[PDB]
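We've got the same protein chain twice here, in two forms, each standing alone as structure tokens: structure 1 and structure 2.
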Structure 1
């Protein structure tokens, strides 16, 4: 095949996908933006040269990010997303019947406009009256406003030094900006980077341990995302408990979410939060904490 997008995932690992076209290439002051039409994963959003969403498997990422957090809440009504410009986290949140307000707070208007325009899947979401789009740094936005939320969702890029996301994974940020803005019984969830057998030590274990230092209950979980070329991680965090069985998750899904989930049922969530021996022990032994 002639045409390829190439991504260096580590300094010694490259991942190449065959291309149909290069649909749109924008840029803002924040990052490079690109929509590719790829053979293996369909349409793909690439930010600063990292694939961040692919048409074929974004559903897995977005179901996993969103649904566990809301299903463990007794009655989630309002939710604040840090990031979300791609719009699929909002789509999945808006599937919940209890939800009356979703704030998408992304720093990059152009990403939003771009995806608002070209990720057709998210059109019903982007137009729902419950969605409020806010163009800001989520950290500034959070400390600015007094509104408190049932659920806060971190749908940011991994914490990389000198980037616009690193701040929002520090113990400082959690303790003093995020957690004050959680209602009673509030639940936080953040995307947490690679969660492979070896790749999980880069950011996942540290995000987990950083949250461990702020919240009473912390639940790491993971699932394969083919377009990310790895197992990916999320962490639920709360000062209230987080224990539903699979059966109780399935009941809650059937009652509270419109239409059928495609990836996530209760058993899948139970498998997801049962990390492997080595990962589970690695996380437990982690002592690094993100800080100022």
Structure 2
């Protein structure tokens, strides 16, 4: 093939996808923005030369990020998203019949507008009257308003400006005070591969373990991310549902059928491998400020 997009996944490892075209470009003062039409992954959002989202598999990431947290809550009505600029996190949240308010808080207005314009999958989500888009830093937004939430979703970049939103101090003193009683936090937690998980996933898991009584790490392969990806659920109430109860709740509470996630899938995703489980156990690093 003639035309390629190339990305360095790590210093010694590069990934190249064949290209059909370069569909749209933009920029903010913050970042370069591109929407590529790629052969293996369809339309691909790239920010500062890093793939953010691919048409063929973003559903995996967003179903995994959103549905477990909401399904384990008895009745989640409002949710705050730290980041989520592309609109797909909000899309998945708005499928829940209990939800009456979604706040999406991201720093880069031009990315949000670019995705509102050009990510067709999220056109309905961006028009939903339950959605509010806030242009701010998530710490400042959470500190400056008294509203508390049933669910808070971390959908930022890996821990730079975002690092402070994974610290023990942030979690303990800023984030929990904005969770309602019985509330649930979930964050994306970076690569979760047999070796790649030590970069940040293990640290995020251990940091949350210091702050919340119940913490459930889980993971799933995302082809366009070139790795297993991770997430962590955290709450001061138990996070324990069977596959069967999860499936019943999905049928009762979520409009239409999920494409990736059913109850057994969640159970599998939350059963980490021997080496990963032990490594999370042994982890001593805690993010601080």
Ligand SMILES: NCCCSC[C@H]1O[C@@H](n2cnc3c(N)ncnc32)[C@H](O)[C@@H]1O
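The term rigid core refers to the most C-alpha atoms you can superpose between the two forms while keeping them within 1.5 Å. Positions refer to the first chain, counted from 1.
- The form solved in complex with the ligand is structure 1, not structure 2.
- Its Cα shifted by 0.2 Å, residue 267 is compared between structures 1 and 2 on a rigid core fit.
- Overlaying the rigid core between structures 1 and 2 leaves the Cα of residue 46 displaced by 1.2 angstrom.
- Core-based alignment between structures 1 and 2 gives a C-alpha movement of 2.3 Å at residue 25.
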